[PDB]
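Listed below, chain by chain, are the residues.
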Amino acid sequence: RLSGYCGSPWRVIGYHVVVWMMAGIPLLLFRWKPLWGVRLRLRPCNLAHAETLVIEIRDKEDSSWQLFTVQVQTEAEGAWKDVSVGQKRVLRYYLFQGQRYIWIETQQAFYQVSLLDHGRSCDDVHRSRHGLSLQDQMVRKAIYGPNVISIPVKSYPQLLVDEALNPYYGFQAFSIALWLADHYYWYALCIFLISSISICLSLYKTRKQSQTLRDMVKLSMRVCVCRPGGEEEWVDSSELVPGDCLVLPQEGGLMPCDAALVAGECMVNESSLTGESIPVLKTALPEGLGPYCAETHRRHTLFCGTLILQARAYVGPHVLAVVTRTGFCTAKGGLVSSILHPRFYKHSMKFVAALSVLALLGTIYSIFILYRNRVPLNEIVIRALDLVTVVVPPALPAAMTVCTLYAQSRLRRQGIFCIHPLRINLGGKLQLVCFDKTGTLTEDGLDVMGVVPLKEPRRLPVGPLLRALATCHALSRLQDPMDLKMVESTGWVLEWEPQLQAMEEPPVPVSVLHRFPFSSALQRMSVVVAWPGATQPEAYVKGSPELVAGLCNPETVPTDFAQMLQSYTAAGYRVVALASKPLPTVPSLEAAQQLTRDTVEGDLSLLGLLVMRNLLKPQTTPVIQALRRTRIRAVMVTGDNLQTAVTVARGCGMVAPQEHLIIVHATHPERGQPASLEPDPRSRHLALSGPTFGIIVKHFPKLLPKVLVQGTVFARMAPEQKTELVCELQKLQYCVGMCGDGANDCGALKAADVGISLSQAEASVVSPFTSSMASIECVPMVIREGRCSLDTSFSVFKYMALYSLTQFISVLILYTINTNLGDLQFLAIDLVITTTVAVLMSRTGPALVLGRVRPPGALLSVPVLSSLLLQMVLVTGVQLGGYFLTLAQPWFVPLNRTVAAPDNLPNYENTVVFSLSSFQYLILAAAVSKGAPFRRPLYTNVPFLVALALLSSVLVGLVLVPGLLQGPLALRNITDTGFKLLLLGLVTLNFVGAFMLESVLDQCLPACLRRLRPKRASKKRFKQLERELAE
Ligand code: ALF
Ligand SMILES: [Mg+2]
């Protein structure tokens, strides 16, 4: 998807400002097709190099953005050899998608900023940065910009206009303004106050989100820069530019920006980028090859936001380092920069066409008053607008808001502490969930089962093994998690030497005299002891099994230690050797006093082996089984090695189909992906790797949809590629559930429609939902809550549509003769019946049984529409029949059809219609809520039946006994006759008919019959799955 740039500078004053001022009022059309708007402003045709208002052309792009160039304080090919030194003839830059874009006079075009990797910078000229040169420092600071993540504040004045113009937000305002013309102020205030409260709450939530996002990212530290002279000074982290000599302190913390090592090595603790916390050795970069692509040297480049544990000095005053990536183009900036700026119509057009048809149905009947009635002399303008706006209820968006906030409160009662009610209705339609082995799926700590070899619960064996195991702790427990777990497993308690005494030994304690230091070059940790227990002391040292085995030639060597090691490595186990060497007391005293290491490490003897396991939570397996039972496909994404991820997935027990992995090969312009095994078709599932996933992005000749559909386990996934994977998965109209606890998946969580974070910090800031529990058992609960919310929203929408249609038809029938159903009656029908019913019908939740059928994802199913149409025809037909019956029957006095105003309210025509229509809303409210399949049984939840019974009883009383409420309400007394009995019989027969219709339609018996056999392919996945399943 290519793009271009065009623009022109501001014009002189004159008629241009007049026309710009003119565009103030008619800019309502600027939302769509901005080409006319931009061409109607001060944007003439000029050169491509003297442009000021940069805009994007319509080169296979939609919704072009707009930006303003930033002025420059002062004005005056080798693939960007670094065209930027000094002051050029003209300097212009602008902000776009984070990193700014610089202008190059020689290229005559806007060249996107790229690192030295794109320019193919040779290594011969590198490795020579000994601090800042004589070149001006401000030039680099200005061109690259500050090393701070800029996030707009988005205050109230610049935020209201952005999120105060929605389709159902202008119509509501028009309806509110309409009421002031013809009284009815009581209803307007109720909507106005709730709308204002909702707007204020939304603004406050947006402001809080912006504030917490801005405060989350910030750099405040002082770094040391090695000057080329003979002095060093401290500088802030906000003035870091590439090509600067960085000095790493021996006890440094976080990494303000990316840097490359040139001398020495230092341990790293990458935790915000990779799930595994194993330290990685990063050495210098002595090389003389060609271009440095910064892709094949991951073992020498430090990423931003990485903690350093220990650093080793080298020859010279101190270690040296260089800066190669900083600003918005660094690793940390890229993840953040991909969130701020970056984030069918068939049903919408059908709905708008239906609304237009409904509006034009009544638009001509209203003007027909001149035919069968006397015109009110230009008073129909207000009446016509009222009829137009009554076709839908102004509180339609608010109808589901009560259900959404009730569901949010129910969730907040226990488990997830929701912050704002949103994205709940769409959360029920969940079919895939992403999990990571570390953090949530497995315990963070490392547990040791014990020593397998002897040449089960602890304390069983007797001998020097217990002393060796319990004394190997070089660092005292009290004055990493693995050491704590190891010391806890043995069951002992720890806290000549001050605080180096052992407990739980029947004999005198074995006290360690000195502890050897840990070094990167040497992985040996030896401990020397000496005790008066009339036994020769022993020396214990731990290290890699290979080294001890190789250097244990003089003594006995292990047998059959290769195949076991390979199997353990393939299974994810880590093998560590426990070497030992006896030493008498006298030589040991001198060895400890003189700090001798060569003499004690010359010969050793292994005693046992130790391994670690993830120790996954037991509660995970039932949750996974329940999730899979509902035809939900589970996928695993993690940055750990594929060897551990595959075995963890296999040990989960969810399912064991054929498993194969793609083997990575040497780099090549054309790459082939072969198969593997643990040609005959089977149920094997695809499993990609890290490099292959990133290589497939550039070209996708085939297997693009066929891979993600069967994708099961992904390993070594980069933090940036997770967003791309989420976008690719969502391109097929699919819902992806991103779950994690680290900060390396914030972009994926934001992109994903629904996500769960198990950490109170980091992911909690951006994740829509925050979980206070460290277990994955909440996903089924969230899915059930979303499904229940969607069902309740659908039921509420159906009820609101039915009520609106009934009200519109009742108004239309009465419009034939001069009537308006009064004012108090209308106010009661609106406020009382609607509010008391809608709220009470949306306070139910799912049961403890998980089903298989999932709710429809849209309100386009034919059964519901057919049922609604049948109900509408039935109600209108019964109303017409009742009107005909009451008209043919001889009544007391003819209606006064002289005055065309609501002054003759007392009459027999309005009384028989208002009361008859009142029961319809209550009847329909109790026949639109689903029962057994999704909601709880109706009888169990009975806050609403009592209210409905009371309302029906009071309505029957007021429509039976004269003088009860006929004074204030526009009702007329009726002589005691058999009309009431006939009305009650009609109501009862309609009730039973509607109930029978609902009961028969709920089973959806005709659905299967009508499904034989129109092929349905309204999906991007089922069509390909059908073809795949053929073979
Ligand atoms: F292994 Al993770 F987020 F914990 F990728
Ligand atoms: Mg995680």
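Conventions adopted
Residues numbered from 1 in each chain as written, not as in the entry; some residues may be left out. Chains lettered and ligands numbered in written order. Heavy atoms only, no water. Helix = DSSP H or I, 4+ residues; strand = E, 2+ residues; numbered from the N terminus. Buried < 20%, exposed > 50% of the residue type's maximum accessible area, 1.4 Å probe, protein only. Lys, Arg positive; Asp, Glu negative; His and termini not counted. Charge placed at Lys NZ, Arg CZ, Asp CG, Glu CD. Pairing = 2+ DSSP bridges. Patch = residues over 30% accessible without salt bridge, like charges linked within 9 Å, V, L, I, M, F, W, Y side chains within 5 Å. Areas by Shrake-Rupley, 256 points an atom, 1.4 Å probe, with all protein chains shown as cover. Salt bridge = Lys/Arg side-chain N within 4 Å of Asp/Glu carboxyl O. Donors = N, O, S within 2.8 Å, 3.2 Å for Na, K, Ca; no water. Core = buried A, V, L, I, M, F, W, Y, C linked by side-chain atoms within 4.5 Å. Domains from an automatic or database assignment. Contact = heavy atoms within 4.5 Å. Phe/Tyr/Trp six-rings, centres within 6.5 Å; stacked < 30°, edge-to-face > 60°. Near = heavy atom within 4 Å. Nonpolar A, V, L, I, M, F, W, Y, C, P; charged D, E, K, R; others polar. UniProt positions renumbered as here; feature names shortened; annotations may be inferred. Expected span 1.5 Å × (residues − 1). 1 Å grid on protein atoms, 1.4 Å probe; cavity = no way out; pocket = protein on both sides within 12 Å on 5 of 7 lines; lining within 4 Å. Points joined across faces, edges and corners; volume = space filled by probe spheres on them.

On to the overall build of the protein chain. Tallying secondary structure elements over the protein chain gives 32 helices and 24 strands in all. If one aligns the C-alpha atoms of the protein chain with their principal axes, the spans along those axes are about 130 × 85 × 65 Å. Relative to its full complement of 1031 residues, the protein chain shows a buried share of 40%. Side chains of the protein chain give 96 positive and 77 negative charges; the mean places of these two sets differ by 11 Å.

Extensive coverage of strand 17 (residues 538-543) is indicated by the burial of 5 of its 6 residues. Here 4 bridges tie strand 16 (residues 525-529) to strand 17, and the two strands are oriented antiparallel to one another. Bridge pairing in strand 17 links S526 to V541. One ladder, built from 6 bridges, connects strand 17 with strand 18 (residues 576-582); its direction is antiparallel. Across the sheet, residue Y540 finds its bridge partner in strand 18, namely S580.

Taken together, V12, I13, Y15, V17, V18, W20, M21 and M22 make up a surface patch of nonpolar side chains, about 870 Å² in accessible area. Note on placement: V17 falls in helix 1 (residues 15-22). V17 sits in the partly exposed class, given a relative accessible area of 35%.

This brings us to the coordination of the magnesium ion (ligand 2). Taken together, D436 (OD) and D741 (OD) make up the protein donors of the magnesium ion (ligand 2), found 2.1 Å from the metal. Taking relative accessible area as the criterion, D436 reaches 11% and is therefore assigned buried.

With that out of the way, let us pick up the nonpolar core. If you look at the biggest cluster of nonpolar residues, it comprises 44 residues, and the most contacted ones within it are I833, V837, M841 and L922. Broken down by secondary-structure element, the contributors of at least two residues to this core are helix 11 (396-413), helix 25 (778-815), helix 26 (824-840), helix 27 (862-888), helix 28 (908-925), helix 29 (943-958) and helix 30 (979-1002). Ranked by the residues each element gives to this core, the list is headed by helix 25, at 10 residues. Of all hydrophobic cores here, the second largest spans 29 residues; its members include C418, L430, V623 and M654.

This part takes up the domain arrangement of the protein chain. According to the domain assignment, the protein chain consists of domain 1 (114-151 + 221-342), domain 2 (167-216), domain 3 (344-379), domain 4 (392-415 + 782-844 + 856-1010), domain 5 (432-443 + 618-772) and domain 6 (447-613). Domain 2 and domain 3 are separated by 28 Å when their C-alpha centres are compared.

Strand-to-strand pairing in sheets goes through backbone hydrogen bonds, with the strands running parallel or antiparallel. Across the sheet, 6 strands lie side by side as 21-20-13-22-23-24; this open sheet has parallel pairing. The sheet is open, and its two edges are formed by strand 21 (713-714) and strand 24 (769-770), each paired on a single side. With 4 bridges joining them, strand 22 (residues 737-740) and strand 23 (residues 754-757) adopt parallel strand pairing. Residue pairing across strands places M738 opposite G755, the latter belonging to strand 23.

What follows deals with the pattern of salt bridges. Applying the stated rule across the entire model yields 19 salt bridges. Here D791 and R935 are joined by a salt bridge, their closest N and O atoms 3.6 Å apart. One end of the pair, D791, is in helix 25; the other, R935, is in the loop between helix 28 and helix 29, and 144 residues separate them in sequence. Owing to a relative accessible area of 13%, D791 belongs among the buried residues under this scheme. A single network of salt bridges, built from pairs that share partners, joins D182, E379, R383 and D386.

A word on helix 7 (residues 331-340). For an α-helix, the turn length of 3.6 residues means that residues three or four places apart are oriented alike. Three or more residues of helix 7 are buried, namely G333, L335, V336, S337 and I339. Contacts from the buried residues of helix 7 go to helix 22 (719-730) and helix 23 (746-751).

The next subject is the packing of aromatic side chains. For the coordinates displayed, the defined rule picks out 16 aromatic pairs. On the numbers, 6.4 Å between centres and 55° between planes, the contact of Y94 with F96 is tilted. Each ring, one from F693 and one from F714, has its centre 6.2 Å from the other, and the planes form 50°; the classification is tilted. With a gap of 21 residues between them, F693 in helix 20 (residues 690-698) and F714 in strand 21 connect regions that are remote in the sequence.

Let us now look at the site of ligand 1. Taken together, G275, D436, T438, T638, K722, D741 and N744 are the residues near ligand 1. Class assignment for the residues of the shell around ligand 1 results in no nonpolar, 4 polar and 3 charged.

The topology assignment puts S804 in helix 25. A relative accessible area of 4% means that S804 is categorised as buried.

Here we take up the pairing of strand 20 (residues 633-637). Of all 5 residues making up strand 20, 4 are buried, and the element is well covered by its neighbours. Looking at chain direction, strand 13 (residues 432-435) and strand 20 are connected through 4 bridges and run parallel. Bridge pairing links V433 to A634 in strand 20. In the sheet, strand 20 pairs with strand 21 via 2 bridges, with the strands oriented parallel. Among the inter-strand pairings, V637 is bridged to a residue of strand 21, identified as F714.

With that out of the way, let us pick up the environment of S366. In this structure, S366 sits in helix 8 (residues 345-367). Linking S366 and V381, residues 15 residues apart in sequence, is a C-alpha distance of 9.8 Å. If sequence neighbours within four positions are ignored, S366 has contacts with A384 and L387.

Turning next to the UniProt feature "binding site: Mg(2+)" in the protein chain. According to UniProt, the "binding site: Mg(2+)" feature falls on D741 and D745. With respect to the helices, strands and loops of the structure, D741 is situated in the loop between strand 22 and helix 23. Setting aside residues no more than four positions away along its own chain, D741 makes contact with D436, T438, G439 and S759. Under the relative-accessibility criterion, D745 is labelled buried at 1%. Setting aside its immediate chain neighbours within four residues, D745 contacts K722, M738, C739 and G740.

Before going further, it helps to examine the sheet that holds strand 11 (residues 311-312). Reading across the sheet, the 3 strands line up as 9-8-11 and stay open at both edges, with antiparallel pairing between neighbours. Only two strands of the sheet have a single neighbouring strand rather than two, namely strand 9 (280-282) and strand 11. Judged from the 2 bridges that link them, strand 8 (residues 265-268) and strand 11 form a sheet pairing that is antiparallel. The partner of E265 across the bridge, within strand 11, is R312.

This part covers helix 22. Relative to the 16 Å expected for 12 residues at 1.5 Å per residue, helix 22 spans 18 Å between its end C-alpha atoms, a close match to the ideal helical length. All buried positions along helix 22 are accounted for by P719, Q721, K722, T723, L725, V726 and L729. Each element contacted by the buried residues of helix 22 is listed here: helix 7, strand 20, helix 20, helix 21 (704-710) and helix 23.

A few words now on empty space enclosed by the protein. Volume-wise, the largest cavity comes out at about 210 Å³. If you go around the largest cavity, you meet 15 residues; those closest to its centre are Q99, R100, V113, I143 and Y144. For the lining of the largest cavity, the secondary-structure elements that each account for two or more residues are strand 2 (100-104) and helix 4 (137-144). The dominant element in the lining of the largest cavity, judged by the number of residues it contributes, is strand 2, at 3 residues. Across the lining of the largest cavity, the residue classes break down as 9 nonpolar, 5 polar and 1 charged.

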